[PDB]
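Novice: I have a structure here, written as C-alpha cells, and I will follow up with some questions on it.
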Amino acid sequence: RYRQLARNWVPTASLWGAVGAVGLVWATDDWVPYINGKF
Amino acid sequence: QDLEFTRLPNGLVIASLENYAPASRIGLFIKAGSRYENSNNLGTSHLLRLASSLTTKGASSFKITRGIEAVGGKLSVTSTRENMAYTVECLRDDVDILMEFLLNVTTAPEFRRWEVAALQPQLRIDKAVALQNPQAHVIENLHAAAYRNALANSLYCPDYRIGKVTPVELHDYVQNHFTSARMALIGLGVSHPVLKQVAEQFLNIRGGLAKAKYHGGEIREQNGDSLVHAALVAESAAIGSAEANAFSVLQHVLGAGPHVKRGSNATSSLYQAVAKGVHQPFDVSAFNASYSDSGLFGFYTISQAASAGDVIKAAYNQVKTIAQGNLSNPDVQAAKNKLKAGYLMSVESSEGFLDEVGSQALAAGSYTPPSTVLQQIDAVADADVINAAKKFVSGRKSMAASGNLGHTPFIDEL
Amino acid sequence: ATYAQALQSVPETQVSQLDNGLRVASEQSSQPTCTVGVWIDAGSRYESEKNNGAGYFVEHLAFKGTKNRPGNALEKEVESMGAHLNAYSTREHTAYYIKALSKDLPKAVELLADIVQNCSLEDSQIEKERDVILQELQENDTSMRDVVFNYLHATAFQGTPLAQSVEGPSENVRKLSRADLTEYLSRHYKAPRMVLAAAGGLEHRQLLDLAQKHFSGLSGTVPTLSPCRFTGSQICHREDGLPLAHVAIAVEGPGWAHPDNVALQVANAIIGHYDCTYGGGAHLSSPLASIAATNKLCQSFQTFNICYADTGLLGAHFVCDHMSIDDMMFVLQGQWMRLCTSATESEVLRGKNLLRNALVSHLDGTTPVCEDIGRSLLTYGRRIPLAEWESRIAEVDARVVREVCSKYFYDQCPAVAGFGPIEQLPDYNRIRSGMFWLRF
Amino acid sequence: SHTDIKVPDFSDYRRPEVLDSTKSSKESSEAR
Amino acid sequence: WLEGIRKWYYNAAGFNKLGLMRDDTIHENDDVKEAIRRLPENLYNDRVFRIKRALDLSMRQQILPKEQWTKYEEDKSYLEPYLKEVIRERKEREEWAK
Amino acid sequence: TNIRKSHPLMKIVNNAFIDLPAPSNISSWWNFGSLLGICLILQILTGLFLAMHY
Amino acid sequence: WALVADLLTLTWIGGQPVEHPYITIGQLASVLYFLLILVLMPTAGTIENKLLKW
Amino acid sequence: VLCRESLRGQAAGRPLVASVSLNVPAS
Ligand SMILES: CCCCCCCCCCCCCCCCCC(=O)OC[C@H](COP(=O)([O-])OCC(O)COP(=O)([O-])OC[C@@H](COC(=O)CCCCCCCCCCCCCCCCC)OC(=O)CCCCCCCCCCCCCCCCC)OC(=O)CCCCCCCCCCCCCCCCC
Ligand SMILES: CCCCCCCC/C=C\CCCCCCCC(=O)O[C@H](COC(=O)CCCCCCCCCCC)COP(=O)(O)OCCN
Ligand code: HEM
Ligand SMILES: CCCCCCCCCCCCO[C@@H]1O[C@H](CO)[C@@H](O[C@H]2O[C@H](CO)[C@@H](O)[C@H](O)[C@H]2O)[C@H](O)[C@H]1O
Ligand SMILES: CC1=NC2=C(COCC2)C(=O)[C@@H]1c1ccc(Oc2ccc(OC(F)(F)F)cc2)cc1
C-alpha cells in the first residue's frame, strides 16, 4: 500500500535515466542538431 | 441531552451523555490509587500508570501506539491517592477502536517480563520530572507526615523500588483492584445502551475485593532553595459530609489563590494577613484535601527562607481569627460565590465534566446535578465555617516543609 | 450519527458591529458559565524602537484601578463575584477577558469596558510596575525556551518590528513615560481594531446591547503594518555552563490568511512533538519521535507554525544533550525532506486525523472558544466554522502535502537560534545544504 | 534582560535585492 | 516413517555429541538475537554454558562420552516460543508500514 | 598507562593482532588468511628483486 | 566435497586436449558445478531444515 | 522566581493528581 504509494522515484529516476543516457553519449561521442550533427 | 446512569448487578456504575458532539471521550475509573499499595508493593501503581502501552492479550505494544495515533487518538492515565482513571478521546467515528484499546489495557495486560524490565527506568524519569515542581515535595511529604497508612503513600514510586517492581506485582495489583465492583465507566458523546452492552460483556471482572489512620507528624527537607515551602494541616472531614462543604467554604474565605493576573488579592484573608508586615515575594493559600475516609485542611506558604517563621505564624493567626468568631457575612458570601462559580467552571469542559461524573460514580454511587451542589454550598452556616476553623486550630497538626529551613519553625513552636 | 453530521450541528458564531466599528461576536450554549473579552490588534509589532514594551507595560496596569473603580476596587468586585480576570500580549494581539457566571455577564462586560477605556495609570503605580517588569525580565532570562524563541524572531525578522521582544528592552522599561503609555493606548485601542467576544449561556442580542452600552464611546477615527522582511540567519548564544542546549529553526511561513496553513499543519502533525515522558517511545508513529526516543537524541521537540500578518515561522524547536545537536538536526531535516519529496498517502491521512482531533478537542469550554472568536475576527476577519476547517483538511492528500511543503522548506534558507552548550550545533552552511537532497 | 539583544546591521553585506526591510525577500528568492 | 529418518539425521548431524541442543545451533540473525535477549536467567545461563562446553570441545577435536550426548527425545525447543513471538511482532510492523 | 593501548600507531597493531579477541576453537583452516598475507609480501619482495634485472 | 572433487575434475579436463572422452566429461563437470551451487546445496540446506523440524 | 506577581498561584490547594499519557507530556 504505502510502497507503491511511493513510486515518487519513478519521475526522478526518469530524469536520472536521461542523465545516464546523455552522460554515456557525451563521454563516448548524429541526429542531435549542431553538436556532432555537424562533425 | 441528559446524563444517563445505571449500576449493574455486579456493582459497576455506567454514566453517559449523548451530546452529539464531534468528539467522544470515555473514562474507566477504578478504586486503584496509591492508597491501595501496602509497604510491600510501594510504587506498583506508579509503574502501572506508566505501563498502559505495554503488550496486552488483545493488542501488541506496537498496535496500541500505532492504532491510536492512526486516528488522532489519545490514551491517558491519571492517579490520585484514591483512584486511577484510563481516558480515551477521539473523533466519534472511531470510539469503537479506542474502546477496544481501553478494554485491552485494563482488562487483559500481559506485563511481559521484558517489557516491564524495560519500562523500569521510566519510573525514575517520570518521578524526576515530577519532583521538579517543589509543591510535589511538600505535598507528598505532608501526606506521609499526616497519615500512617494509605493516604500516606506517595503517587510516585520511592527510589529504593525503582528497578524492583515485578511483573507478578503488576498482575496482582490489577487482578486485585480492577474489579467490576470498583469501577465506573463514564462516557461523553456516546449512546448509553452501547456502554451498558460493552460493560456487561467486557467489564465482568470478578470482584477480587484499613481506614486511613491520621496520626500527625512533621517532615523537613533541608536544601538551599532560599524560598521555603511549608504546608500545615489538621485532620479535616471526609467527602460527602456536610462538614466537608464547611471546610471548602472556609478555604475560600481564607483565600485559595488568585482571581486576577498580577492580583493583589484584596479579598484573600490569608494573603492580606501575611502582607500586613512582610512586603516582599511570598504566596499563601488555604489547602483543602477531602478523601473517602479522611481529609486535610490548612494553608501552604511560600516565603523567603528567613521570613518563614514570620509568614507561617501570620497565616496561622488568621485562621485563629475565624475560629474565635471574626467572620462577617460579606466575607462568607464572597466565599460561597467563589466556590459556586469555581465549581461550575471546573465542569465547563469535556475533560472536567468527565472527571467529576466519574469521580462521583466511585465516591458516592450517584450523580449530583450542579444545582443541588450549589444548594449544599448555600446550605452552609457561618457557624459551620467558624466551627471548621475552630477544628483546625484545636486539632492535632501535621506539617511538611522544604527549603533552607533555618528560620522555619517546628510544629511545637506554634 | 457520524462525525460529518456532528460538524453540522455545532452552534453558529454570531457577529454584529457598532457605529464606532467595534465588532461583537458570540457563541451560545446552555452553560451556567461564560467567558467574555476584548481582543485588540495591538502588540510589539506596532511598536517602534522608542516605545517597544508599552503594550506589555499597559498589561501590568490594566487591572490596577480605573477612574470609576479606583485602586483595588476593580479586583475586589471581580473576586467577590467569583469571576476570573486575565490578560495576554502577543506580538500582534492583546486580550483582556473575564470568566464568570452567565448571570454576571452584563456586569462582566461593564468591567471589561471600564478596564480598556478608563484605565487610570497612576504615576505611583507605574513606578511599582516598573520594577516588576524589570524582575520579570530577570526571570525570563532563565527560561531557555523563552530566550531561544525570542532570538529566533530577533534574527529571523532582524531590522523590523517583528524582531522586537514583547516585553521590551530593559532600557525602555526603565524610561517609558506615563505620557508614552497614553500615546500608545490612544493610538492603538480603536474600535475597528477591537472585538468583543464571548461564549456560554448568553444571548447574542444581549451581548450586543451591552457592547453598545459600555463601549460605544470608544474612538474609531492609521497604524497599518509594514511587510516584515525575513532573513536566513543564525543567532548563537554559546553558554556552556547551561546543562542542555536549545535550538529553534524555522523557514518563512505564509501568514495568517493563506490556505497553505492547513496543509502545513497536516505536515507538522505528521512530524509531531516528543517529550521524554511520552509513553509511546520506539513504537511512535512519527519517525522523528521514534528515532529520538530510540536513540536518546533529545529530551523534547515541537514543530510549530507561528502565524503573523503576511509572514511566519515554520519549523521546530528541540532540547537535547550537548552531543546530540547534530544528530537531532540531521534527522529533523531528513523529515522535512521526506515530506517535500515523498510523503505517503497513509501518513497524510494520519496527519489529517491529528489536526482534526486537535481542532475539535481544543475548542472545549468557554475560554478557548471565546479566544477563537476574538482572535479569528482579528486574523481572518471572521470565525471559521469547524465544518469548513474539516472540508479544507479533507482536501489535503499526499500530493498536496508534498507540493506545499516544497514551497516553504525545499531549498529555502532557514533562520536558526541556539542557546547553551551548543558547541556541536551544525554550521549554518551545513544546515542550509540539509534543506535539499542531491538525489531528487 | 536578554530582550535588549538587537541583531547588528547587515546592510553592508546584503544582496541589493534583500535590502528593503519592508519588502518580502521571497520576491527575490528565485533570482538569488 | 518420517520420524525414523529425522532420528537418524539427528545423530548424523552430531551436535548432540558436543552436548548441544538444536536451538543452540541456530544462526543468530536479529530475530534470534532478540529471542535470546528475552530468555530468563535459568535458560540463558544454561545456553551460555552448553556453548562454552561445545566450543571448548571443538577446540580439542573431542566429543563427550555417549552417556553424555544430548538425546533426540530430551531435546526441547527452548527458544521457539520466544522466537515465534519475536517474528509475529516483526511481521506485524511490516504489515503496518504498508 | 600502557603504550600498546594508547599510541596512535601501536593501538591499531595491538587491536589488530595482539589483544584481538579470537575464538578459542578456530582450526588450521583459519591459517590461510595470514598465509595469503605472506604470499603477498613474498611476491612483492621476490618480484622487486626480479624487476631490478628484467 | 562433491563440488571440490568436481573442481579437481574441471582442472583435469582443462589440462586435456579437446577430444573424446574429455569434451563430454568437461561438459558434465561444468553442469555439475553450477548445479551444485545454484540448486543442490540450497535444496540440501532446506531438506536438512525439515529433518530438524524447522 | 524574583517577584510576588510571578510567585503567586504556586501555593498548593489541590491534593496532587499525577497524569501520564500516550502522546501528551506528563504533569
Ligand atoms: C583406489 C586406489 C586409488 C586411490 C584413489 C581413491 C581415493 C580413496 C581415499 C580417499 C581420499 C580422499 C579423502 C581425503 C582423506 C580422508 C579424510 C581425511 O583426511 O581425514 C582427516 C580427518 C580430518 O579431521 P576432522 O577433525 O574431521 O576435520 C579437520 C579439521 O577441519 C581441521 O583439522 P585440524 O585443525 O586438527 O588440523 C590438521 C589438519 C590440517 O588440514 C589442513 O589444513 C588441510 C591442508 C593442510 C595439511 C595439514 C598440515 C600440513 C602441511 C601440508 C603441506 C606441507 C608440505 C608437505 C608436502 C605436501 C604433500 C603433497 O590435517 C589434516 O586433516 C590432514 C588432511 C590433509 C589432506 C590433504 C589432501 C591431499 C591433496 C591431494 C590433491 C590431489 C592431487 C595430487 C597431486 C600432488 C601434489 C603436486 O581427521 C584426521 O585424520 C585427524 C586430523 C589430524 C591429522 C592426523 C595426522 C595427519 C598429519 C597431518 C599433516 C599432513 C597431512 C597431509 C597433507 C598432504 C598429503 C598429500
Ligand atoms: C584530481 C581531480 C578530481 C576531478 C574529478 C574526479 C573524478 C571522481 C568522480 C566521481 C565521484 C562521485 C561523487 C562526488 C561527490 C562530491 C561531493 C558532493 O556531491 O557534494 C555536493 C556539493 O559539493 C560540495 O562538496 C559543496 C561545496 C563545493 C565543492 C565542490 C564538490 C566537491 C568535489 C568536486 C571537485 C572536483 C553536495 O554536498 P552538500 O552541498 O554538502 O549537500 C548534500 C546534502 N543534502
Ligand atoms: C600477487 C603478487 C604477484 C604474483 C601472483 C605474481 C605472479 C607472477 C607470475 C606467475 C610470474 C611468472 C613467473 C614465471 O613463470 O616466470 C611473474 C613474473 C614476474 N613478476 Fe610477478 N607476481 C606478483 C608480484 C610481483 C611484483 C610486486 C613484482 C615487481 C614489483 C613482480 C615482478 C615480476 C617479474 C619481473 C617477473 C618476470 C620474471 C619471472 O618470470 O620470474 N611480481 N609474476
Ligand atoms: C554409445 C553408442 C554406440 C556407438 C559409439 C561408441 C563410442 C563411444 C561413445 C561416444 C561416441 C563418440 O561420438 C561423439 O563424438 C563427439 C565428437 O568428438 C563427442 O561429443 C561432443 O561433440 C561435440 C564436440 O565438438 C559437442 O558439440 C557435443 O556437445 C559433444 O557431445 C563425443 O566424443 C561423442 O559423443
Ligand atoms: C589479523 C588476523 N586476524 C585473525 C587471524 C586468524 O583468525 C582470527 C582473526 C589472523 O590470522 C590474522 C593475521 C593476519 C596476518 C598476519 O600476518 C601478516 C601481517 C601482514 C602481512 O602483510 C600485509 F601486506 F598483509 F600487511 C602479512 C602477514 C597475522 C595474523
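Labeling convention for the C-alpha cells: chains A, B, ... as they appear, residues from 1 per chain, ligands from 1 in order of appearance.
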Which chains and residue numbers are within 9 Å of ligand 1, counting only C-alpha atoms and all ligand atoms, if I want them as a count of residues only?
Specialist: 14
Novice: Can you tell me which residues come within 8 Å of ligand 5 when counting only C-alpha atoms and all ligand atoms, ideally as a PyMOL selection string?
Specialist: chain F and resi 16-17+20+22-23+26+30-41
Novice: Which of chain E end up as helix (DSSP H, G or I) when DSSP is run on this backbone - answer as a count of residues only?
Specialist: 71
Novice: Using only C-alpha atoms and all ligand atoms, determine which residues fall within 9 Å of ligand 3, then list them as a ChimeraX atom specification.
Specialist: /F:39-54
Novice: May I ask you to write as number ranges by chain all residues lying at most 12 Å from ligand 4, with only C-alpha atoms and all ligand atoms counted?
Specialist: G: 17-28
Novice: Would you list the residues that come within 12 Å of ligand 2? Count only C-alpha atoms and all ligand atoms and give the answer as a ChimeraX atom specification.
Specialist: /C:330,333-334,336-338,410-411,426-440
Novice: Limited to N, CA, C and O atoms, could you put the picked residues into a file as an mmCIF file, in the first residue's frame?
Specialist:
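As written to disk, again-v8.cif reads:
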```
data_model
loop_
_atom_site.group_PDB
_atom_site.id
_atom_site.type_symbol
_atom_site.label_atom_id
_atom_site.label_comp_id
_atom_site.auth_asym_id
_atom_site.auth_seq_id
_atom_site.Cartn_x
_atom_site.Cartn_y
_atom_site.Cartn_z
ATOM 1 N N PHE C 330 19.982 16.567 11.870
ATOM 2 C CA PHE C 330 20.039 15.712 10.704
ATOM 3 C C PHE C 330 18.728 14.950 10.535
ATOM 4 O O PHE C 330 18.188 14.914 9.441
ATOM 5 N N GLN C 333 15.731 17.495 9.604
ATOM 6 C CA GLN C 333 15.779 17.986 8.238
ATOM 7 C C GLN C 333 15.405 16.848 7.300
ATOM 8 O O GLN C 333 14.752 17.050 6.279
ATOM 9 N N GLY C 334 15.810 15.644 7.681
ATOM 10 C CA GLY C 334 15.507 14.490 6.863
ATOM 11 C C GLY C 334 14.001 14.306 6.769
ATOM 12 O O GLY C 334 13.501 13.846 5.749
ATOM 13 N N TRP C 336 11.631 16.818 6.956
ATOM 14 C CA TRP C 336 11.168 17.858 6.052
ATOM 15 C C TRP C 336 11.421 17.419 4.620
ATOM 16 O O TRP C 336 10.549 17.551 3.773
ATOM 17 N N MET C 337 12.629 16.911 4.365
ATOM 18 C CA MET C 337 12.994 16.453 3.034
ATOM 19 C C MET C 337 12.047 15.348 2.554
ATOM 20 O O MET C 337 11.559 15.384 1.428
ATOM 21 N N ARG C 338 11.743 14.389 3.435
ATOM 22 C CA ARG C 338 10.933 13.243 3.072
ATOM 23 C C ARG C 338 9.518 13.697 2.720
ATOM 24 O O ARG C 338 8.913 13.173 1.783
ATOM 25 N N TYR C 410 11.728 23.053 0.894
ATOM 26 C CA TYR C 410 12.696 22.530 -0.066
ATOM 27 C C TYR C 410 13.515 23.657 -0.698
ATOM 28 O O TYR C 410 12.994 24.539 -1.377
ATOM 29 N N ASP C 411 14.818 23.593 -0.452
ATOM 30 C CA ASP C 411 15.801 24.548 -0.929
ATOM 31 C C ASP C 411 15.443 25.987 -0.580
ATOM 32 O O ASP C 411 15.659 26.866 -1.414
ATOM 33 N N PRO C 426 25.112 22.333 14.152
ATOM 34 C CA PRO C 426 25.700 22.370 12.813
ATOM 35 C C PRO C 426 25.927 23.793 12.311
ATOM 36 O O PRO C 426 25.113 24.683 12.540
ATOM 37 N N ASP C 427 27.083 23.982 11.671
ATOM 38 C CA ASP C 427 27.402 25.208 10.966
ATOM 39 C C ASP C 427 26.267 25.566 10.016
ATOM 40 O O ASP C 427 25.637 24.668 9.464
ATOM 41 N N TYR C 428 26.039 26.874 9.805
ATOM 42 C CA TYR C 428 24.881 27.356 9.052
ATOM 43 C C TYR C 428 24.857 26.773 7.643
ATOM 44 O O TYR C 428 23.797 26.385 7.167
ATOM 45 N N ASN C 429 26.020 26.775 6.983
ATOM 46 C CA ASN C 429 26.154 26.203 5.661
ATOM 47 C C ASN C 429 25.710 24.741 5.637
ATOM 48 O O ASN C 429 25.083 24.289 4.682
ATOM 49 N N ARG C 430 26.074 23.976 6.665
ATOM 50 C CA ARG C 430 25.736 22.561 6.657
ATOM 51 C C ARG C 430 24.230 22.425 6.813
ATOM 52 O O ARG C 430 23.645 21.539 6.213
ATOM 53 N N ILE C 431 23.634 23.331 7.599
ATOM 54 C CA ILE C 431 22.201 23.357 7.847
ATOM 55 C C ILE C 431 21.498 23.642 6.528
ATOM 56 O O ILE C 431 20.493 23.020 6.225
ATOM 57 N N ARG C 432 22.048 24.571 5.747
ATOM 58 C CA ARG C 432 21.385 25.015 4.537
ATOM 59 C C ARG C 432 21.482 23.922 3.473
ATOM 60 O O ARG C 432 20.570 23.785 2.666
ATOM 61 N N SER C 433 22.572 23.145 3.470
ATOM 62 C CA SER C 433 22.719 22.079 2.493
ATOM 63 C C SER C 433 21.784 20.933 2.851
ATOM 64 O O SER C 433 21.633 19.974 2.098
ATOM 65 N N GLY C 434 21.167 21.042 4.023
ATOM 66 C CA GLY C 434 20.328 19.976 4.534
ATOM 67 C C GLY C 434 18.873 20.201 4.156
ATOM 68 O O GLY C 434 18.022 19.363 4.452
ATOM 69 N N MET C 435 18.635 21.343 3.500
ATOM 70 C CA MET C 435 17.325 21.788 3.046
ATOM 71 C C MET C 435 17.061 21.329 1.612
ATOM 72 O O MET C 435 16.005 21.620 1.060
ATOM 73 N N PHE C 436 18.014 20.606 1.014
ATOM 74 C CA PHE C 436 17.719 19.883 -0.210
ATOM 75 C C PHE C 436 18.411 18.520 -0.203
ATOM 76 O O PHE C 436 19.206 18.206 0.682
ATOM 77 N N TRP C 437 18.110 17.743 -1.246
ATOM 78 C CA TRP C 437 18.618 16.401 -1.463
ATOM 79 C C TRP C 437 19.155 16.304 -2.882
ATOM 80 O O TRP C 437 18.426 16.561 -3.834
ATOM 81 N N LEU C 438 20.420 15.898 -3.007
ATOM 82 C CA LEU C 438 21.059 15.646 -4.290
ATOM 83 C C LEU C 438 20.333 14.577 -5.105
ATOM 84 O O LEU C 438 20.436 14.591 -6.328
ATOM 85 N N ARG C 439 19.615 13.657 -4.438
ATOM 86 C CA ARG C 439 19.012 12.515 -5.114
ATOM 87 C C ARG C 439 17.731 12.876 -5.882
ATOM 88 O O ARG C 439 17.313 12.128 -6.774
ATOM 89 N N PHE C 440 17.099 14.005 -5.518
ATOM 90 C CA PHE C 440 15.808 14.398 -6.070
ATOM 91 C C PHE C 440 16.023 15.316 -7.276
ATOM 92 O O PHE C 440 15.973 16.538 -7.050
#
```
Novice: Wanna dump the chain C-chain H contacts at 6 Å for me, each residue with its shortest atom pair and the distance in Å to one decimal, counting only C-alpha atoms, ordered by chain and number, as JSON lines?
Specialist:
```
{"residue": "C:135", "atom": "CA", "partner": "H:2", "partner_atom": "CA", "distance": 5.9}
{"residue": "C:139", "atom": "CA", "partner": "H:1", "partner_atom": "CA", "distance": 5.9}
{"residue": "C:277", "atom": "CA", "partner": "H:25", "partner_atom": "CA", "distance": 5.9}
{"residue": "C:278", "atom": "CA", "partner": "H:23", "partner_atom": "CA", "distance": 5.8}
{"residue": "C:279", "atom": "CA", "partner": "H:22", "partner_atom": "CA", "distance": 4.7}
{"residue": "C:280", "atom": "CA", "partner": "H:22", "partner_atom": "CA", "distance": 5.5}
```
Novice: Output N, CA, C and O atoms for every residue in that selection, as an mmCIF file, in the first residue's frame.
Specialist:
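Output saved as result.cif:
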```cif
data_model
loop_
_atom_site.group_PDB
_atom_site.id
_atom_site.type_symbol
_atom_site.label_atom_id
_atom_site.label_comp_id
_atom_site.auth_asym_id
_atom_site.auth_seq_id
_atom_site.Cartn_x
_atom_site.Cartn_y
_atom_site.Cartn_z
ATOM 1 N N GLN C 135 11.981 42.732 36.930
ATOM 2 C CA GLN C 135 12.284 41.469 37.574
ATOM 3 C C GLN C 135 11.731 40.312 36.751
ATOM 4 O O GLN C 135 12.266 39.209 36.805
ATOM 5 N N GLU C 139 13.631 36.893 35.355
ATOM 6 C CA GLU C 139 13.145 35.531 35.422
ATOM 7 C C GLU C 139 13.134 34.941 34.020
ATOM 8 O O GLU C 139 13.457 33.774 33.859
ATOM 9 N N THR C 277 8.751 11.999 28.614
ATOM 10 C CA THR C 277 7.749 11.337 29.432
ATOM 11 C C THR C 277 6.776 10.586 28.536
ATOM 12 O O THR C 277 6.052 9.744 29.055
ATOM 13 N N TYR C 278 6.795 10.865 27.218
ATOM 14 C CA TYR C 278 5.849 10.283 26.266
ATOM 15 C C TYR C 278 5.952 8.769 26.243
ATOM 16 O O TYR C 278 7.034 8.224 26.020
ATOM 17 N N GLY C 279 4.792 8.129 26.388
ATOM 18 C CA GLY C 279 4.731 6.711 26.683
ATOM 19 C C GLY C 279 5.115 5.884 25.466
ATOM 20 O O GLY C 279 5.690 4.798 25.616
ATOM 21 N N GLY C 280 4.818 6.455 24.288
ATOM 22 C CA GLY C 280 4.888 5.776 23.006
ATOM 23 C C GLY C 280 6.276 5.216 22.695
ATOM 24 O O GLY C 280 6.383 4.069 22.252
#
```
Novice: Where does DSSP see strand (DSSP E) in segment 243-272 of chain C, if you list the residues as a VMD selection string?
Specialist: chain C and resid 245 to 252
Novice: Compute the chain E side of the contact with chain A at 10 Å, counting only C-alpha atoms, and hand it back as a short mmCIF file (atom, residue, chain, number, x, y, z; two decimals) with C-alpha atoms, in the first residue's frame.
Specialist:
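Listing of out26.cif after writing:
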```
data_model
loop_
_atom_site.label_atom_id
_atom_site.label_comp_id
_atom_site.auth_asym_id
_atom_site.auth_seq_id
_atom_site.Cartn_x
_atom_site.Cartn_y
_atom_site.Cartn_z
CA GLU E 95 2.05 -5.21 7.68
CA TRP E 96 1.51 -1.92 9.38
CA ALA E 97 4.04 0.05 7.35
CA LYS E 98 2.10 -0.74 4.11
#
```
Novice: Please list as a compact mmCIF listing (two decimals) with C-alpha atoms, in the first residue's frame every residue within 10 Å of segment 232-244 of chain B, counting only C-alpha atoms and excluding residues in the same chain fewer than 5 positions away.
Specialist:
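Written output follows (around19.txt):
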```
# COMPACT_ATOMS: atom_id res chain seq x y z
CA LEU B 142 2.73 16.22 54.00
CA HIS B 143 0.59 13.15 53.36
CA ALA B 146 -0.12 13.20 58.39
CA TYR B 147 -1.04 9.53 57.98
CA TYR B 214 -4.26 10.11 60.59
CA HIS B 215 -1.60 10.36 63.29
CA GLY B 216 0.06 13.70 62.74
CA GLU B 218 6.30 16.63 60.71
CA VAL B 249 -16.13 27.47 52.22
CA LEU B 250 -13.55 28.24 54.91
CA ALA B 286 -5.64 27.58 52.10
CA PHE B 287 -5.04 23.88 51.42
CA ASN B 288 -8.03 21.54 51.35
CA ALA B 289 -7.96 17.79 50.61
CA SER B 290 -11.04 15.67 51.19
CA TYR B 291 -10.80 11.88 50.77
CA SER B 292 -13.11 8.90 51.15
CA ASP B 293 -12.39 8.36 54.84
CA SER B 294 -10.44 11.47 55.90
CA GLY B 295 -9.33 14.97 54.89
CA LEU B 296 -6.53 17.51 55.35
CA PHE B 297 -7.27 21.20 55.84
CA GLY B 298 -4.82 24.06 56.41
CA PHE B 299 -2.67 26.50 54.44
CA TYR B 300 0.53 26.43 52.32
CA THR B 301 3.19 29.15 52.43
CA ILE B 312 3.65 30.81 58.90
CA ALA B 315 -1.05 32.80 58.36
CA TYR B 316 -1.94 30.53 61.30
CA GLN B 360 -18.76 10.86 41.99
CA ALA B 363 -17.18 8.07 45.76
CA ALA B 364 -20.96 8.10 46.23
CA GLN B 376 -25.40 22.38 49.58
CA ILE B 377 -22.86 25.21 49.43
CA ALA B 379 -26.68 25.48 52.97
CA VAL B 380 -23.51 26.06 54.97
CA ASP B 384 -20.30 25.84 60.41
CA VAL B 385 -17.38 27.83 58.96
CA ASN B 387 -16.53 25.54 63.56
CA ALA B 388 -14.30 24.27 60.77
CA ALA B 389 -11.70 26.95 61.64
CA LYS B 391 -11.48 22.36 64.33
CA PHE B 392 -8.20 23.24 62.62
CA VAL B 393 -6.71 25.39 65.39
CA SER B 394 -7.53 22.86 68.05
CA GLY B 395 -6.86 19.70 66.01
CA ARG B 396 -3.56 17.78 66.08
CA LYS B 397 -1.20 19.17 63.47
CA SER B 398 0.72 17.68 60.53
CA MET B 399 3.40 19.73 58.77
CA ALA B 400 5.86 19.37 55.94
CA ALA B 401 8.43 21.86 54.69
CA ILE B 411 5.07 22.30 64.99
```
Novice: I'd like the contact shell of segment 3-15 of chain D - 9 Å cut-off, only C-alpha atoms, skipping same-chain residues fewer than 3 positions apart - returned as a short mmCIF file (atom, residue, chain, number, x, y, z; two decimals) with N, CA, C and O atoms, in the first residue's frame.
Specialist:
```
data_model
loop_
_atom_site.label_atom_id
_atom_site.label_comp_id
_atom_site.auth_asym_id
_atom_site.auth_seq_id
_atom_site.Cartn_x
_atom_site.Cartn_y
_atom_site.Cartn_z
N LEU C 137 11.78 40.23 33.70
CA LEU C 137 12.75 40.12 32.62
C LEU C 137 13.89 39.24 33.09
O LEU C 137 14.33 38.39 32.34
N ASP C 141 15.09 35.41 31.59
CA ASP C 141 16.43 35.17 31.10
C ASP C 141 16.88 33.77 31.50
O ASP C 141 17.89 33.27 31.01
N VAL C 147 14.02 32.34 25.66
CA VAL C 147 15.16 33.08 25.13
C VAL C 147 15.47 32.68 23.69
O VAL C 147 15.80 33.53 22.87
N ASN C 150 12.61 34.03 21.39
CA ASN C 150 12.84 35.46 21.25
C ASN C 150 13.96 35.70 20.24
O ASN C 150 13.86 36.62 19.43
N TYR C 151 15.01 34.89 20.34
CA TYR C 151 16.18 35.03 19.48
C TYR C 151 15.78 34.69 18.05
O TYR C 151 16.16 35.42 17.13
N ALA C 154 14.31 37.48 16.68
CA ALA C 154 15.22 38.61 16.61
C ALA C 154 16.06 38.55 15.35
O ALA C 154 16.33 39.59 14.76
N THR C 155 16.47 37.33 14.95
CA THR C 155 17.34 37.18 13.80
C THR C 155 16.49 36.97 12.55
O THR C 155 16.85 37.48 11.49
N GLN C 158 15.13 40.42 11.67
CA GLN C 158 16.06 41.49 12.03
C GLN C 158 15.78 42.75 11.21
O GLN C 158 15.48 42.69 10.01
N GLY C 159 15.86 43.89 11.90
CA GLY C 159 15.68 45.18 11.26
C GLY C 159 14.21 45.55 11.04
O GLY C 159 13.89 46.45 10.26
N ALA C 163 11.11 41.77 14.91
CA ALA C 163 12.30 41.31 15.62
C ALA C 163 12.17 41.58 17.11
O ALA C 163 12.79 40.90 17.91
N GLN C 164 11.33 42.56 17.45
CA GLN C 164 11.22 43.07 18.80
C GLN C 164 10.55 42.03 19.70
O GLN C 164 9.65 41.32 19.24
N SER C 165 11.06 41.99 20.95
CA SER C 165 10.51 41.29 22.10
C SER C 165 9.19 41.94 22.47
O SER C 165 9.00 43.13 22.25
N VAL C 166 8.30 41.14 23.04
CA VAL C 166 7.06 41.71 23.52
C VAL C 166 7.38 42.55 24.76
O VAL C 166 6.87 43.66 24.90
N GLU C 167 8.32 42.08 25.59
CA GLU C 167 8.42 42.65 26.92
C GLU C 167 9.12 44.01 26.84
O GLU C 167 8.91 44.86 27.71
N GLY C 168 9.90 44.21 25.77
CA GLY C 168 10.66 45.43 25.51
C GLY C 168 12.08 45.33 26.06
O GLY C 168 12.34 44.53 26.95
N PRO C 169 13.05 46.14 25.58
CA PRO C 169 14.41 46.10 26.12
C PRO C 169 14.42 46.74 27.50
O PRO C 169 13.58 47.59 27.79
N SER C 170 15.39 46.35 28.33
CA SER C 170 15.39 46.84 29.69
C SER C 170 15.48 48.36 29.70
O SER C 170 14.92 48.99 30.59
N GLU C 171 16.14 48.95 28.69
CA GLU C 171 16.25 50.40 28.60
C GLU C 171 14.87 51.07 28.66
O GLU C 171 14.63 51.95 29.49
N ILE C 235 21.56 32.95 15.03
CA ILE C 235 21.99 33.57 16.27
C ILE C 235 22.36 32.47 17.29
O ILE C 235 21.53 31.60 17.60
N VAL D 18 17.82 42.33 -1.27
CA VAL D 18 17.25 42.00 0.03
C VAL D 18 17.48 43.14 1.02
O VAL D 18 17.60 42.91 2.23
N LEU D 19 17.54 44.37 0.52
CA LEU D 19 17.95 45.46 1.39
C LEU D 19 16.76 46.06 2.13
O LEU D 19 16.91 46.57 3.24
N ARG D 32 17.85 34.91 -6.52
CA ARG D 32 19.09 34.86 -5.77
C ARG D 32 19.70 33.47 -5.84
O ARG D 32 20.92 33.34 -5.94
#
```
